[PDB]
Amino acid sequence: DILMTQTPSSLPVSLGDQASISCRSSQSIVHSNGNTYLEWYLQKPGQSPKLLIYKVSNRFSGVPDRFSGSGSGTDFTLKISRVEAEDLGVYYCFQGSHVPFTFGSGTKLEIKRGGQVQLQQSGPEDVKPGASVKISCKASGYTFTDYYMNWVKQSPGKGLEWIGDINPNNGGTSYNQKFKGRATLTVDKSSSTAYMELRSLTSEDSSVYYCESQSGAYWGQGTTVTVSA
């Protein structure tokens, strides 16, 4: 299991300045096919994470070259030259080279003080412990079966965690063992909808759950599942 170490956790900055975030993997994330699936995400409060950099240095369509990714093997860096108000939020690195995919702890980029494709997730769920829940992710604007569908958990407890994914076309799955088979990913071709079933829920399962496709290029608004006795 690869551990992603982000540095620093807090990064105060003045507008126009240059920010530099580091990420280190417990072990090489060079995939056998030659690629290094290192990604950088930016999450603004109340929103879903947004893809900025993939494969170490590719800028996602729409991201300004103010954002620059570099690195190799186990060392990676994200540099933001001339920071803008829009850049403020929490940055996360992610490795998608080895299952289970993992995220860094995050970097809070805050200001120094003084002086059409879319994924629609179902409504929030409130369930009792030991119960089971099923949330959906309706896809549109692209060919649902041409891309794997990922599910990500977010809780203040351990930030972002990759649950697993599914190939909507053939049903092939990939799970994060930490969930111990309690999670089941399914799909419905007719309606281009992905589903996630989580059973034997405890308070620890209370979080925001996201579905994400096209290698993190598109996310749902998330679904809040609250487990209370």
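Numbering starts at 1 and runs along the sequence shown.
> Averaging the C-alpha B factors as listed in the entry, name the stretch that ends up higher: 35-43 or 200-208.
Between 200-208 and 35-43, it is 200-208 that shows the higher mean C-alpha B-factor.
> Do the CA atoms of 82-90 or those of 146-154 have the higher mean B-factor in the entry?
If you average the C-alpha B-factors of 82-90 and of 146-154, the larger mean comes out for 82-90.
> From the list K189, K50, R59, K180, select the residue with the highest C-alpha B factor recorded in the entry.
In this record, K180 carries the highest C-alpha B-factor of the candidates.
> Going by the entry, which of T184, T193, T173, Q27 has the most elevated CA B factor?
Of the options given, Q27 has the highest CA B-factor in the PDB entry.
> With respect to C-alpha B-factor, does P64 fall in the lowest, middle or highest third of the chain as deposited?
Within its chain, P64 is a highest-third residue by C-alpha B-factor, going by the deposited values.
> Ordered by C-alpha B-factor within the chain, which third holds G115? Give me lowest, middle or highest, please.
Its C-alpha B-factor, which the entry lists for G115, ranks in the highest third among residues of this chain.
> Ranking every modelled residue in this chain by its Cα temperature factor as given in the entry, which third contains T107?
CA B-factor rank for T107: middle third.
> Tell me, lowest, middle or highest third: where does the Cα B factor of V133 rank within its chain?
Within its chain, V133 is a middle-third residue by C-alpha B-factor, going by the deposited values.
> Against its chain's modelled residues, does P100's Cα B factor rank lowest, middle or highest third?
Its C-alpha B-factor, which the entry lists for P100, ranks in the lowest third among residues of this chain.
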